[PDB]
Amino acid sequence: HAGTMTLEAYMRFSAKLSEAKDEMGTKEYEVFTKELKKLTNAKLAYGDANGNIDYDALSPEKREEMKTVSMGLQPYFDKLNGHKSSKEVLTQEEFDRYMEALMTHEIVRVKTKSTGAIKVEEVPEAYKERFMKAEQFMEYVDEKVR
């Protein structure tokens, strides 16, 4: 039941945002609330039916901005995943490559309009090599953070 699951995970995320207001320093929570509004605005403006963005369609300047927002939000997401921060365990170059890998993965979700597991067979030819390299890199990062 993809709908119910989504509803529940929505209320659950809303509850975490509330625990974030309580637990975060005052400046920290300003900066975070702001970053997250940029992200949620961007998914409403550019995202598909599932809220996935085709980052390759965007201008280089907006793509730079989105990548900056996700760099700032990423350590909160790591913590919610029960992992150590990927920013701390990765190099600056690697952390940049990681954001790019995540973007590639989101683009492929747009092209295959798939919400769960991507089937490598269904990925357009233009994106196969790039996708597989991003999956592999995301796995390497995941193992460094637990």
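Residue indices: 1-based, along the sequence shown.
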| property | result |
| --- | --- |
| Between the two ranges 61-69 and 111-119, the one averaging a larger CA B factor in the entry | 111-119 |
| 13-21 versus 125-133 - which carries the larger mean C-alpha B factor in the record | 125-133 |
| Top residue by Cα temperature factor, when 104, 52, 26, 81 are compared in the entry | 81 |
| Assigned third (lowest, middle, highest) for the C-alpha B factor of residue 7 | middle |
| Residue 97 - Cα temperature factor, lowest/middle/highest third of chain | lowest |
| Chain third (lowest, middle, highest) by recorded CA B-factor, residue given as residue 142 | middle |
